[PDB]
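Report on the structure given below.
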Protein chains: 4
Amino acid sequence: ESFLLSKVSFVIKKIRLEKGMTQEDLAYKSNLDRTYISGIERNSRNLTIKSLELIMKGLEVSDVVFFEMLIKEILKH
Amino acid sequence: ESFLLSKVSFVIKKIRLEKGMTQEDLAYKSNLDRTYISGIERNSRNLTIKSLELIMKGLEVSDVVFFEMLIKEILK
Amino acid sequence: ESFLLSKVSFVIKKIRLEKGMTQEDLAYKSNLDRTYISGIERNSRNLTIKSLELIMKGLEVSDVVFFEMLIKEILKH
Amino acid sequence: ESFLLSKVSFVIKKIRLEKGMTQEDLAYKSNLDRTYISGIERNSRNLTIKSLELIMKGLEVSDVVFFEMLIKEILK
DNA sequence: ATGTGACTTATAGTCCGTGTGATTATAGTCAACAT
DNA sequence: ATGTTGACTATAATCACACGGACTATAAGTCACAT
Ligand SMILES: [Mg+2]
Ligand SMILES: [Mg+2]
């Protein structure tokens, strides 16, 4: 569907595994539904900047380093 | 409101201006509503990635250039 | 399958709803997985007395009270 | 160990005796292993409901009578 | 008769994830009138 | 030109649940040898 979305959803998962988190921890720490974290990674889903922020806080990661990894993923072949 | 959401909006407005675009024209170029655009720039909207993407295409700016800028703006 | 199991299964759910609990709450307080609580109610799984005991403690109900409702459900038409 | 588990077992042993059965015979009647039964009666086993059901069949006691008894036993 | 121990094998119970209908909050989109 | 106020309607986001596969702990079932 959307170019950027699958990149965002890819990076959320990448970080989540890097930090040895599971989906449902992240769902807690991000103060969003269990199934939403799944749905974001699983398919992609069209999240909101506010929701993205919540997830970033949950990944225990800064806006900045998130976007830095976002850029790197976009740039790949 | 949100810090990120504010910086996003600021960035959208910044790029629109360094390109000498009007809102009217930013909305024409991305096929969204001008009041919608207005709203974002006065930070009254919490856009989705999809919408953000349409706005980048309307600004004629790559995702990467946008985020490069968004990062810099984020750091005061 | 087993006669007693689906009865035990039924009564666990009945109580759980009577107390306005959700599976999530229950598996919570029973310190079992929410998958297992679902599994039990769903497909009448074959639990252990120890696990049943945990569920009773989770339902905030006593041995006695449970077995009294168990007897009732068995007796029904 | 568990409180319930001990009284299940106690009950199983109680009924086997009130009937005049040996373990050997409770095992035969319920098509289970004798050491299996001995284990339960010394309370070294944590039955599943299914197993309990087989032991009730062997004792020839309905679920209801078993639980009526277990309750009474439970209340000291 | 019953009670051990110790040793496989079935399965109970765990852990992480997928996929889904139904409801609620809210973004997406477009009016009217402002300046 | 841009701002703001309501609106309607799509959909983001929530909530309670089912379902699967893979792995770990342990109950199920059977030996040998006590007594
Ligand atoms: Mg719009
Ligand atoms: Mg056995």
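Going by the structure tokens order, chains are called A, B, ..., each with residues numbered from 1, while ligands are numbered from 1 in the order shown.
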
Distance query residue 15 (chain E) at most 10 Å, only C-alpha atoms (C1' of nucleotides), self and fewer than 5 positions along chain excluded, as an mmCIF file with N, CA, C and O atoms (P, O5', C5', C4', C3', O3' and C1' of nucleotides), in the first residue's frame:
```
data_model
loop_
_atom_site.group_PDB
_atom_site.id
_atom_site.type_symbol
_atom_site.label_atom_id
_atom_site.label_comp_id
_atom_site.auth_asym_id
_atom_site.auth_seq_id
_atom_site.Cartn_x
_atom_site.Cartn_y
_atom_site.Cartn_z
ATOM 1 N N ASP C 33 -1.269 -18.298 31.455
ATOM 2 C CA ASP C 33 -1.367 -17.549 30.197
ATOM 3 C C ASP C 33 -2.815 -17.256 29.768
ATOM 4 O O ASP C 33 -3.709 -18.042 30.057
ATOM 5 N N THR C 35 -3.820 -17.348 26.853
ATOM 6 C CA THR C 35 -4.042 -18.464 25.960
ATOM 7 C C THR C 35 -4.615 -19.687 26.684
ATOM 8 O O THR C 35 -5.469 -20.383 26.138
ATOM 9 P P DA F 22 6.191 -25.858 14.477
ATOM 10 O "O5'" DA F 22 7.305 -25.032 15.258
ATOM 11 C "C5'" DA F 22 6.934 -23.898 15.984
ATOM 12 C "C4'" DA F 22 7.902 -23.656 17.107
ATOM 13 C "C3'" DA F 22 8.752 -24.854 17.476
ATOM 14 O "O3'" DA F 22 9.918 -24.403 18.153
ATOM 15 C "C1'" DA F 22 7.185 -24.458 19.184
ATOM 16 P P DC F 23 11.151 -25.394 18.442
ATOM 17 O "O5'" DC F 23 11.307 -25.307 20.019
ATOM 18 C "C5'" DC F 23 11.380 -24.033 20.633
ATOM 19 C "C4'" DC F 23 10.798 -24.085 22.029
ATOM 20 C "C3'" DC F 23 11.457 -25.102 22.961
ATOM 21 O "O3'" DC F 23 12.212 -24.421 23.936
ATOM 22 C "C1'" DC F 23 9.075 -25.057 23.177
ATOM 23 P P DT F 24 12.928 -25.241 25.111
ATOM 24 O "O5'" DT F 24 11.808 -25.321 26.222
ATOM 25 C "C5'" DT F 24 11.714 -24.303 27.171
ATOM 26 C "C4'" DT F 24 10.816 -24.749 28.291
ATOM 27 C "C3'" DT F 24 11.428 -25.773 29.251
ATOM 28 O "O3'" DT F 24 11.021 -25.439 30.546
ATOM 29 C "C1'" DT F 24 9.421 -26.605 28.417
#
```

*asked:* Just want the residues within 6 Å of ligand 2, written as a PyMOL selection string, counting only C-alpha atoms (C1' of nucleotides) and all ligand atoms.
replied: (chain D and resi 32-33+36) or (chain F and resi 28-29)

*asked:* Which residues are near residue 27 (chain F)? Cut-off 10 Å, only C-alpha atoms (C1' of nucleotides), ignore same chain within fewer than 4 positions. Put them as a list in words.
replied: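 Near residue 27 (chain F), the qualifying residues are residues 48 of chain C; 45, 46, 47, 48 and 51 of chain D; 10, 11 and 12 of chain E.
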
Can I get the selection written as a PDB file, in the first residue's frame, with C-alpha atoms (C1' of nucleotides)?
```
ATOM      1  CA  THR C  48      -4.653 -30.465  36.474  1.00  0.00           C
TER       2      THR C  48
ATOM      3  CA  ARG D  45       0.321 -37.124  41.989  1.00  0.00           C
ATOM      4  CA  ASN D  46      -1.450 -34.110  40.620  1.00  0.00           C
ATOM      5  CA  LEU D  47      -4.290 -35.604  38.613  1.00  0.00           C
ATOM      6  CA  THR D  48      -5.986 -34.153  35.651  1.00  0.00           C
ATOM      7  CA  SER D  51      -7.820 -39.133  35.402  1.00  0.00           C
TER       8      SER D  51
ATOM      9  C1'  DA E  10       2.537 -38.457  26.185  1.00  0.00           C
ATOM     10  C1'  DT E  11       0.544 -34.311  27.174  1.00  0.00           C
ATOM     11  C1'  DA E  12      -0.305 -30.314  30.303  1.00  0.00           C
TER      12       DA E  12
END
```

*asked:* Set the distance at 7 Å and use only C-alpha atoms (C1' of nucleotides): which residues neighbour residue 70 (chain C) once local chain neighbours fewer than 6 positions away are removed? I'd like the list as a PyMOL selection string.
replied: chain C and resi 7-8+11

Limited to C-alpha atoms, could you put the picked residues into a file as a PDB file, in the first residue's frame?
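Okay, part.pdb is ready:
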```pdb
ATOM      1  CA  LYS C   7     -18.714 -29.089  32.949  1.00  0.00           C
ATOM      2  CA  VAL C   8     -15.583 -27.783  34.644  1.00  0.00           C
ATOM      3  CA  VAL C  11     -18.403 -23.359  35.274  1.00  0.00           C
TER       4      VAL C  11
END
```

For chain F versus chain C, which residues have an atom no more than 12 Å away, and what is each residue's nearest atom pair and distance in Å rounded to one decimal, using only C-alpha atoms (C1' of nucleotides), chain-then-number order, as a tab-separated table?
```
residue	atom	partner	partner_atom	distance
F:15	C1'	C:22	CA	10.0
F:16	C1'	C:22	CA	7.1
F:17	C1'	C:38	CA	7.9
F:18	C1'	C:38	CA	7.8
F:19	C1'	C:39	CA	9.3
F:20	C1'	C:35	CA	11.0
F:26	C1'	C:48	CA	10.5
F:27	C1'	C:48	CA	8.6
F:28	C1'	C:48	CA	11.9
```

*Select all residues from chain E having any atom no more than 9 Å from an atom of chain A (counting only C-alpha atoms (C1' of nucleotides), ignoring ligands), output as a ChimeraX atom specification.*
/E:16-18,27

*Near residue 28 (chain B), within 12 Å and counting only C-alpha atoms (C1' of nucleotides), which residues show up once chain neighbours fewer than 4 positions away are dropped, as a PyMOL selection string?*
chain B and resi 21-24+32-37+54-55+57-59

Once you have the residues from the selection above, write them out as a PDB file, in the first residue's frame, restricted to C-alpha atoms.
```
ATOM      1  CA  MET B  21       4.572  27.833  -1.890  1.00  0.00           C
ATOM      2  CA  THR B  22       1.216  28.938  -0.651  1.00  0.00           C
ATOM      3  CA  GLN B  23      -1.023  26.614   1.389  1.00  0.00           C
ATOM      4  CA  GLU B  24      -3.532  26.799  -1.420  1.00  0.00           C
ATOM      5  CA  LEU B  32      -5.861  17.392   0.035  1.00  0.00           C
ATOM      6  CA  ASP B  33      -8.071  20.114   1.501  1.00  0.00           C
ATOM      7  CA  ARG B  34      -6.584  23.555   2.075  1.00  0.00           C
ATOM      8  CA  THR B  35      -8.280  23.850   5.452  1.00  0.00           C
ATOM      9  CA  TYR B  36      -6.716  20.488   6.203  1.00  0.00           C
ATOM     10  CA  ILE B  37      -3.260  21.853   5.437  1.00  0.00           C
ATOM     11  CA  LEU B  54       0.910  12.898   0.623  1.00  0.00           C
ATOM     12  CA  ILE B  55       2.187  16.175   1.968  1.00  0.00           C
ATOM     13  CA  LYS B  57       4.815  14.428  -2.330  1.00  0.00           C
ATOM     14  CA  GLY B  58       2.996  17.731  -2.539  1.00  0.00           C
ATOM     15  CA  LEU B  59       6.060  19.512  -1.202  1.00  0.00           C
TER      16      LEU B  59
END
```
